[PDB]
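# Analysis of the macromolecular model
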There are 4 protein chains.
Amino acid sequence: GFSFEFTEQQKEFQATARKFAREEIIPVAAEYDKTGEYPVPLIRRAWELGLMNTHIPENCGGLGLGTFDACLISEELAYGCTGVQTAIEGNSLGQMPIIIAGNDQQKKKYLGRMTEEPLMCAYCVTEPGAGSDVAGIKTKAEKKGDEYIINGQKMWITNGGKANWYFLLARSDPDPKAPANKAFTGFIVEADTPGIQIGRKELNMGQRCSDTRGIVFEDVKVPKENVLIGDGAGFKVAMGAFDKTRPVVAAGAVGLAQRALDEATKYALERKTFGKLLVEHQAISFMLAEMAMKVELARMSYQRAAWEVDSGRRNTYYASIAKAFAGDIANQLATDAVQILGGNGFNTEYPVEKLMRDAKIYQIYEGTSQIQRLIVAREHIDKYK
Amino acid sequence: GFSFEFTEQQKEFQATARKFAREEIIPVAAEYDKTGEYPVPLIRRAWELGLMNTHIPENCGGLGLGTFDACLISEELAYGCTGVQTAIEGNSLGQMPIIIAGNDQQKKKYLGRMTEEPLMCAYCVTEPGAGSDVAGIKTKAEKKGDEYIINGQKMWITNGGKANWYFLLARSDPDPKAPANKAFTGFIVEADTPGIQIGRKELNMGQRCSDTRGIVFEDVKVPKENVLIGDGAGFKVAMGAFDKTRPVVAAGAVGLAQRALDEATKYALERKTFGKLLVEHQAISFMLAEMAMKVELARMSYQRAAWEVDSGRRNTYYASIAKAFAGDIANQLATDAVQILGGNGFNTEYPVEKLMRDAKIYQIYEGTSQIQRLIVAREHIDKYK
Amino acid sequence: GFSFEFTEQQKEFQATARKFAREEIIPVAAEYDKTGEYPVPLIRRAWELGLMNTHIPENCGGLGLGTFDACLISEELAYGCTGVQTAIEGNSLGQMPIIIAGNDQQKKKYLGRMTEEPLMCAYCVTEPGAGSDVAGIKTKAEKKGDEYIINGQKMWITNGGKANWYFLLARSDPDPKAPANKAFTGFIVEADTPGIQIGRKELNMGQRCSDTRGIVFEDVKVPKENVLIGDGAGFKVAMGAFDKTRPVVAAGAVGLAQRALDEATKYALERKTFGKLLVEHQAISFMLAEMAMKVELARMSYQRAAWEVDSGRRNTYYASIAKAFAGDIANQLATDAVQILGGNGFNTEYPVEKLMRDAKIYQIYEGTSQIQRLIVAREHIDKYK
Amino acid sequence: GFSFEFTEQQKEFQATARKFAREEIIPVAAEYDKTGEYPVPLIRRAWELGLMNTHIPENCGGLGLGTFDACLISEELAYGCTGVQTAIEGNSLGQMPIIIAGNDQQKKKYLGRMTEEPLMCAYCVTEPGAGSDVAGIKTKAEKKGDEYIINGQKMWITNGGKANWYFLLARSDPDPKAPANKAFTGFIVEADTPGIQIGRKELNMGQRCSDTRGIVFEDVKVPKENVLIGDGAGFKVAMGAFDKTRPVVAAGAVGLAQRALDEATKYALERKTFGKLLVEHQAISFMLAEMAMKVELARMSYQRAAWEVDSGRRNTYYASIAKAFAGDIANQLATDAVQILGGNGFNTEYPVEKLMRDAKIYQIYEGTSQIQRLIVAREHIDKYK
Ligand SMILES: Cc1cc2nc3c(=O)[nH]c(=O)nc-3n(C[C@H](O)[C@H](O)[C@H](O)COP(=O)(O)OP(=O)(O)OC[C@H]3O[C@@H](n4cnc5c(N)ncnc54)[C@H](O)[C@@H]3O)c2cc1C
Ligand SMILES: Cc1cc2nc3c(=O)[nH]c(=O)nc-3n(C[C@H](O)[C@H](O)[C@H](O)COP(=O)(O)OP(=O)(O)OC[C@H]3O[C@@H](n4cnc5c(N)ncnc54)[C@H](O)[C@@H]3O)c2cc1C
Ligand SMILES: Cc1cc2nc3c(=O)[nH]c(=O)nc-3n(C[C@H](O)[C@H](O)[C@H](O)COP(=O)(O)OP(=O)(O)OC[C@H]3O[C@@H](n4cnc5c(N)ncnc54)[C@H](O)[C@@H]3O)c2cc1C
Ligand SMILES: Cc1cc2nc3c(=O)[nH]c(=O)nc-3n(C[C@H](O)[C@H](O)[C@H](O)COP(=O)(O)OP(=O)(O)OC[C@H]3O[C@@H](n4cnc5c(N)ncnc54)[C@H](O)[C@@H]3O)c2cc1C
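Residues numbered from 1 in each chain as written, not as in the entry; some residues may be left out. Chains lettered and ligands numbered in written order. Heavy atoms only, no water. Residues with missing side-chain atoms left out of burial classes, pairs and counts.

### Some remarks on the pairing of strand β5 (residues 184–190) of chain B
Residues and elements named next belong to chain B.
- Among the 7 residues of β5, 6 are classified as buried, and the element is accordingly described as predominantly covered.
- Relative to β5, strand β4 (residues 165–171) is paired through 7 bridges, and the arrangement is antiparallel. Bridging from a neighbouring strand, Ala-170 pairs with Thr-185 of β5. (Buried < 20%, exposed > 50% of the residue type's maximum accessible area, 1.4 Å probe, protein only. Helix = DSSP H or I, 4+ residues; strand = E, 2+ residues; numbered from the N terminus. Pairing = 2+ DSSP bridges.)

### Concerning the packing of aromatic side chains
- Counted under the stated rule, the structure contains 54 aromatic pairs over all chains.
- A centroid spacing of 6.0 Å and a plane angle of 50° characterise the contact between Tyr-362 of chain A and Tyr-365 of chain A, whose relative ring orientation is tilted.
- Under the relative-accessibility criterion, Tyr-362 of chain A is labelled buried at 1%.
- A residue is classified by how much of its surface remains accessible, and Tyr-365 of chain A, at 22% relative accessible area, is partly exposed.
- Joined through ring pairs, the aromatic side chains of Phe-2, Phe-4, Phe-6, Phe-68 and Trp-307 of chain A together with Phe-2, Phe-4, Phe-6, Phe-68 and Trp-307 of chain B make up one cluster.
- The ring of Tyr-79 of chain A carries the charged tip of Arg-22 of chain A above its face, separated from the ring centre by 4.1 Å.
- Residue placement shows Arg-259 of chain B over the ring face of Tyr-79 of chain B; its charged tip is 5.8 Å from the ring centre. (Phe/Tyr/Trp six-rings, centres within 6.5 Å; stacked < 30°, edge-to-face > 60°. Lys NZ or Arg CZ within 6 Å of the ring centre and 35° of its normal.)

### Topic: the domain arrangement of chain A
Residues and elements named next belong to chain A.
- Considered domain by domain, chain A is made up of domain 1 (2–120), domain 2 (121–241) and domain 3 (242–382).
- If you average the C-alpha positions of domain 1 and of domain 3, the two centres end up 21 Å apart.
- At the interface, 24 residues of domain 1 touch 27 residues of domain 3.
- Summing both sides of the interface, domain 1 and domain 3 together bury roughly 2,100 Å²; the carbon and sulfur share of this comes to 58%.
- Ranking the residues of domain 1 by area buried against domain 3 places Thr-67, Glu-75 and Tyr-79 at the top, with a combined share of 28%.
- Where domain 1 meets domain 3, there are 2 salt bridges.
- The partner of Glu-75 in a salt bridge is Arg-299, and the shortest N-O contact between them spans 2.7 Å.
- The tally of links between domain 1 and domain 3 comes to 11 residue pairs in polar contact. (Domains from an automatic or database assignment. Contact = heavy atoms within 4.5 Å. Buried area = accessible area lost by both parts, 1.4 Å probe. Salt bridge = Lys/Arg side-chain N within 4 Å of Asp/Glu carboxyl O. Polar contact = N/O pair within 3.5 Å; in protein donor to acceptor, adjacent residues only side chain to side chain.)

### What about the site of ligand 4?
- Near ligand 4 you find 26 residues, and of these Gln-339 and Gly-343 of chain A together with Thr-126, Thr-368 and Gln-370 of chain D are the closest.
- Nearby residues around ligand 4 are contributed by chains A, C and D.
- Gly-343 of chain A has a polar backbone atom sitting 2.4 Å from an oxygen atom of ligand 4.
- Take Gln-282 of chain C: an N or O atom from its side chain is 3.0 Å from a nitrogen atom of ligand 4.
- Contact with the protein chains covers 95% of the free accessible surface of ligand 4, which is 980 Å².
- Of all the elements in the fold, those that place two or more residues in the shell around ligand 4 are α8 (316–341) of chain A together with β3 (147–158) of chain D.
- If one sorts the elements of the shell around ligand 4 by residue count, α8 of chain A sits on top with 3 residues.
- Along the lines of polarity and charge, the residues of the shell around ligand 4 split into 11 nonpolar, 13 polar and 2 charged. (Near = heavy atom within 4 Å. Areas by Shrake-Rupley, 256 points an atom, 1.4 Å probe, with all protein chains shown as cover. Nonpolar A, V, L, I, M, F, W, Y, C, P; charged D, E, K, R; others polar.)

### What about helix α1 (residues 8–35) of chain A?
Residues and elements named next belong to chain A.
- Relative to the 40 Å expected for 28 residues at 1.5 Å per residue, α1 spans 39 Å between its end C-alpha atoms, a close match to the ideal helical length.
- Of all the bends in α1, the largest measures some 50° and sits at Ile-25, one to four residues before the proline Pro-27.
- Considered for burial, the residues of α1 that qualify are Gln-10, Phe-13, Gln-14, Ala-17, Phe-20, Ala-21, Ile-25, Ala-29, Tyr-32 and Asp-33.
- Positive backbone phi, approximately 70°, marks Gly-36, located one or two places after α1. (Expected span 1.5 Å × (residues − 1). Bend = angle between axes of the 7 residues up to and from the residue.)

### Some remarks on the interface of chain B and chain A
- With 46 residues of chain B at the contact, the number on the chain A side is 46 residues.
- When chain B packs against chain A, close to 4,500 Å² is buried across both sides, 75% of that on carbon and sulfur atoms.
- Interface area lost by chain B to chain A is led by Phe-2, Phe-4 and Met-293 of chain B, which between them contribute 18%.
- At the junction of chain B and chain A, the tally comes to 4 salt bridges.
- Put simply, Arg-373 of chain A and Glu-290 of chain B hold a salt bridge, and the shortest N to O gap is 3.2 Å.
- Here chain B and chain A share 14 residue pairs in polar contact between them.
- Of all elements in the fold, only α6 (234–268), α7 (282–310), α8 (316–341) and α11 (369–382) of chain B reach the threshold of two or more residues within the side of chain B that touches chain A.
- No other element matches the 15 residues that α7 of chain B contributes to the side of chain B that touches chain A.
- Class assignment for the residues of the side of chain B that touches chain A results in 25 nonpolar, 11 polar and 10 charged.

### Description of the site of ligand 2
- Taken together, 26 residues lie near ligand 2, and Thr-126, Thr-368 and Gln-370 of chain B together with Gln-339 and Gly-343 of chain C sit nearest.
- Neighbouring residues of ligand 2 are not confined to a single chain but are spread across chains A, B and C.
- At a separation of 2.5 Å, an oxygen atom of ligand 2 approaches a polar side-chain atom of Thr-368 of chain B.
- Burial of ligand 2 by the protein chains amounts to 95% of its free accessible area of 990 Å².
- For the shell around ligand 2, the secondary structure elements donating two or more residues are β3 (147–158) of chain B together with α8 (316–341) of chain C.
- For the shell around ligand 2, the leading source of residues is α8 of chain C, giving 3 residues.
- By residue class, the composition of the shell around ligand 2 is 11 nonpolar, 13 polar and 2 charged.

### Structural notes on the interface of chain D and chain A
- Each partner contributes to the interface: chain D provides 37 residues, whereas chain A provides 38 residues.
- For chain D, the biggest contributors to the area lost against chain A are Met-205, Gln-339 and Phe-346 of chain D; these three give 23% of the whole.
- Joining chain D to chain A, the criterion identifies 2 salt bridges.
- A salt bridge links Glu-349 of chain D to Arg-200 of chain A; its shortest N-O distance comes to 2.8 Å.
- Inspection of the chain D/chain A interface yields 18 residue pairs in polar contact.
- In terms of residue class, the side of chain D that touches chain A is made up of 11 nonpolar, 16 polar and 10 charged.

### Section: helix α8 (residues 316–341) of chain D
All names here are of chain D.
- Taking 1.5 Å per residue as the helical rise, α8 with its 26 residues ought to reach 38 Å, and the 38 Å between its terminal C-alpha atoms agrees with that figure.
- Summarising burial for α8: 24 of the 26 residues are buried, a large majority.
- Of the residues one or two after α8, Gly-342 is the one with positive phi, at around 70°.

### Quick word on the relation of the copies chain B and chain A
- Rotating chain B by 180° and moving it 0.0 Å along the rotation axis overlays it on chain A with an RMSD of 0.0 Å. Here the symmetry operator amounts to a two-fold rotation axis. In terms of C-alpha distance to the rotation axis, chain B has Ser-3 of chain B as its closest residue, with the C-alpha 2.4 Å off the axis. (Least-squares fit on C-alpha atoms.)

### Observations regarding the side chain of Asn-347 of chain C
- Summarising the element assignment, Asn-347 of chain C is placed in the loop between α9 (343–346) and α10 (351–358).
- Within the local environment of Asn-347 of chain C, its side chain forms a polar contact with the backbone oxygen of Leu-203 of chain B, the two atoms lying 3.1 Å apart.
- One polar contact links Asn-347 of chain C to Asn-204 of chain B, side chain to side chain, over a distance of 3.3 Å.
- Those residues in contact with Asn-347 of chain C that lie beyond four places of it in its chain are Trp-156, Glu-202, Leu-203 and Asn-204 of chain B together with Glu-353 of chain C.

### Quick word on the pattern of salt bridges
- Applying the stated criterion to the full structure yields 104 salt bridges over all chains.
- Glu-127 of chain A is paired through a salt bridge with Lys-154 of chain A; the nearest N and O atoms lie 3.1 Å apart. Taken together, the positions of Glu-127 of chain A in the loop between β1 (121–124) and β2 (140–144) and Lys-154 of chain A in strand β3 (residues 147–158) put the pair 27 residues apart, joining distant regions of the chain.
- Look at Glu-127 of chain A and you get buried, because its relative accessible area is 8%.
- Given a relative accessible area of 2%, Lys-154 of chain A falls into the buried group.
- Between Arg-373 of chain D and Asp-328 of chain D there is a salt bridge whose closest N-O contact spans 2.9 Å. Note that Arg-373 of chain D is positioned in helix α11 (residues 369–382) and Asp-328 of chain D in helix α8, a separation of 45 residues in sequence. An identical accessibility class is assigned to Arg-373 of chain D and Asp-328 of chain D; each is buried.

Here it is as structure tokens:
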């Protein structure tokens, strides 16, 4: 029957993640955000505690955890800080295509190294000319004997300057009229290959401690063995990685919203205006109640999506619902929390403004809200045929 | 661990409820709403199928089902029609205080009769002067020997003119300064007792097939044996019945929203404007996607509340969250569905306008949205102490 | 410079309209809505006071008032009742094409009769197959000598069963690929012409005292003199009547919202819950403040649109903005007012539920909200070319 | 009658302000925001063009413009940059109490200096312990012979480190039970007086080019001639300055929203996704239409408030409505504009993220949204007595 109770192992994972977050990430998150420095010690500590690369199977040396455990761990880490959590989950996002569409040789070679030492990997799909239209990318992969020549440029690549290897999606079919199901090929490109020109670090409004760079490929030689299932099969692999990665980003948004709610409540429990405690004004109490409702609903949505994908079904409908709702409620919670603190909320010495700046990408990256609504509408309509 | 899978018995209950609803209630719901007639045959059929009085324990002849099964059955029935579902759930709402705070004699006497024949019961708490302020009622219960003399009037009583017996909450303590925890007493009052004057049927905007009447009590003699746990214990019983009844009304709102979404989608799949199908306009598709998201979130919320109360914990926080969110999304879905059908939506020969009229009470009765937000804020604040 | 002060004549018109509304329409509006009877005495009284057919020029015997005065009068009448105001403004809506695109003979013949006696006219454009897509109508007008043969059916015609003559828009060009600018012709069709089959009165959710019927045309002979500017010029006339009619319906929505706000405030000033006046709870006060803000903004928007059209400019942008915003805020205000009254709000003996039922058409008829947003987006984009 | 047409002088002022903004402020606004430097050259240029200190009467050497002209100028400047506009309007905010409650000597002495050279003034009311509760300030002013000794600290003072003199509000009455109407006194305190300790520059989320500092007063001697109307009259002066200053900040929010809308539209007119221009997707077009509607409504609201105060009436109701609505729509427009640009919107090399960061204070300073709703509710309720 229905159940909303964690297992003992999941409880242990949640306790470890919460302890690590609230005892390591929080004391230094503000400094890392202010300086924009890459949190190498925090990433190493997360790797040591087994909070990173959770999806790697036990055969390759990983823990082989499901998406539910990854979601709860990512929620705790995002409660810690969203930039650090994004940097950590970039590894899982890059690894997912290799895990789901890789043979034994590729899996061992490109995941045992991740298990042995705290390395990083990226997910190079987005281009300057097409970010939402995945079929609109123009990076070309030309086959030359036993190698592929890749030319093009990618933009907004998380861990672009820190990754050990990249998952690259390029258009193998030169025919513009070729269908998207047979035109794109996935590759495993090492970061040290000649011809890769990593661009400057991009400065963003939020999550300033994470590394986001543009990458330019110029006559990069990729061996034939570093190809996925085959030519023209890249698009399906890229689209199938989303079904397992979207609940994680939804969980991160939920954790950010939970942090904002905690800060707002803790501030409202001590501030006094008009001779009464700030929580004794009905407007503030109703605001807090609505924030709590949104947080609980978003958490339930992402947990449902994670359980759905973990059970072997397709969770595109639930994953899109959870991602969209979490992205919206994260921004709403962040702005409400900034409103609650008043003038101190607008100041940079209080955590709420950082959360407000960080919450914006959850409506942009990993599929914008409009794309999520498109997917939800398509699935809903298909349910009526 | 977490699970979102029904049991086989729950699947059978859901199948029976859906079949009964969509094959009996729907063909006659419009006529019953238009004429305002009490749906006696539908209530009898629901009683025959075991879809009514589900909370009665097996000792008294009932099925002894949990609130989860009641919630799913009520969702299916509300998909059928909200007026019929409200009339059916009035029995459970009236019976809940007797089930949770009744001795063997009272339980047998006042529940075996419900099991044997399709009788009805009501829940008389609300007064013309105080509906939300439960502590503000002024019906007085004066003890005279081995009987209680009750004087006062109640307003907005579901099944007021059809109930076999009433659950009455009256203020036993005449001291105005007495605390609410020791001032109110619950009673089991039969409908045939002299001194009970049932008023005229009230005409409402929606759910016009349900019976809602005001009741006037004038020197009604109630035997001492028809009293609950004791004098001054009525308030806690009344407040504890809510923890088990609110998920049911939330499920009813969810079912109404699901009906509205189904009607809107089915209409949008055939209507053509500007040379394209009505679902091919991005505005309509986004509207449908948001409606589906709201429906799924509300369903998950009420299911979580039902599971929480079924596990022995206190679910006031989750029940209030589910009730508030379902009440809001029901009205939003109803008005969006009326918008989708255009001019035909405003007409009375299409089901959407009836749903829009019916959806309003879910933000009013069984605790208004403001009271739900008050409860949610109180629980959230208590979680931080 | 800028000014927000009425003229003395406009103040006199507003005073007369408010007095007539609040002393005649309100005492009988509930009865007319409940019985669905056509308010003939109220229409006659409005005609006697000069509150109807305001756009007729002084040459034809009318008052020759601008759209600003019509807007304020319609706002007062809609504060009285929306059904009566809709029945009254149907005359102006039907007459506007004749006023703006009629020669002296047609204007005299078909407006002097309106001036002399309280007659009615309708606006037959919408068809069962296309209501929003005006270019999608399929009523055909075939020229036969000095007459036009018209075949087709219209749906949702205000004053359909009471009009003395109709303004009919039909597709003269049989070529499906013909542009909309040269395919439709406008006609002045008398209601007594043989071949016109008025259908049954349609029953709607709100404004039940207004007459809305479907009309079937079967070989109706229209003389050549009853044609507007010429063949293929009907579409531009129909689209230009909107620029002068939309502010009036926006004003009606504003008046309905003002009525809802007045009822909610007057109820909240006497109701007491939890020992305090209902207006002393911050939630209720904030709700009332937001309602007042919305009412004021909508009033300013429609007044701006009326002034813009009265100054000789094109006000499509402002008219669409005002119509959309007023339509939204009317429904929001109505549902908030129903929420404020609590259980009494859901009852039919209080005016708020009638306002909630009536407010829905302002998001449907005279251009749905989606069409208004389309027009606003088109104008906004054109401003950037 | 009603009019929405500017005068020729107002058109000239608007043209000058728009030219200055879009040719001087925009090219350097990003650099000033990034470095946090005080825009001295821009302030000097605005002073030279007569765009600063507009409220000073012609007797003291000012232009003697009404609040309408100040509102339009501030809207243009805020379209330029919100930080520069805030720095400029700080002078008007500080000067307003002196203008409305100053004798000839004080007006000449403390406004002729502003006219002669580009000096700055501040408005010191807010304290660390009470920002919204103006009656809750605790800065004490003790009279000692012909001087006042002032002790206390102020927080969030615009132009705190750059002002030539301050308007200080202090509690003269030491009795805690004294009414607010007779307990506070206003002072004109020069910035060079010994005992004034200007704190460090505060770092905020947005408007980082404006100077906001905390000020500590320690035994500051203020001569008796630098007092306003008298002891206990400070509170009314402070509350009356709001009626003339709130429309200006509302206009600034409107200008920021207009800038966001312009950027979003200009980007959407060139970006192509899924083979179509980004403005050809109905979701984006509807978003733009709603943004334009909000901008127009907010502009009309603030213009109405400015005209109302310029006509000699009290505009507290309209000023609060305009301030609240403009503050809300500014944030909504900013976040929608960031959403439209997608990934580029989150980057710091595009203007939208700066607007999103800047828009937050319009819901915080000069009266938070909750205080505005309180004022609107109070005025609305008083209208019904
Ligand atoms: C901090 C950050 C980190 C990132 N990390 C990664 C990473 O690791 N890997 C990676 O591959 N990418 C990454 N990205 C890129 C991200 O995935 C894309 O930028 C995002 O999916 C949208 O890209 P875009 O701005 O080009 O969208 P655009 O298409 O340029 O946006 C246009 C706007 O219109 C909307 N829109 C577009 N098409 C439609 C339509 N058909 N209907 C309706 N609305 C529509 C969009 O929602 C958007 O608001 C990152 C981006 C950021 C900001
Ligand atoms: C169709 C129908 C069936 C019903 N059936 C039953 C039944 O079977 N049994 C039964 O006992 N009752 C029944 N009721 C009554 C219902 O439970 C109450 O009417 C409802 O709880 C609110 O009653 P009220 O209108 O008196 O609320 P009021 O208190 O009169 O409403 C005042 C308004 O202010 C708000 N408000 C009140 N107090 C506060 C506060 N402190 N803070 C903020 N906002 C506040 C409320 O939300 C409401 O909008 C029924 C009502 C209806 C319409
Ligand atoms: C009470 C009443 C009185 C009326 N009186 C009159 C009258 O006097 N004269 C008259 O001519 N008509 C009248 N009408 C009809 C009215 O003008 C039309 O019904 C209305 O414009 C919409 O008609 P529809 O339902 O066919 O719209 P539909 O097009 O059938 O509605 C489809 C739905 O999709 C939306 N939609 C449609 N096209 C698009 C698009 N391209 N993009 C996005 N969304 C879209 C619509 O907003 C709507 O929600 C009346 C209607 C009513 C209810
Ligand atoms: C950039 C900036 C510049 C500023 N410049 C100036 C300046 O030049 N001069 C000046 O005097 N001040 C200035 N201020 C201060 C500003 O005026 C105040 O900070 C603001 O009015 C609110 O202050 P607060 O944070 O103390 O509000 P708080 O009262 O501490 O905020 C508490 C929260 O609860 C809400 N709240 C409070 N009371 C109630 C109630 N009764 N009911 C409901 N909700 C309530 C508030 O809206 C807020 O969200 C500036 C502030 C900033 C950020």
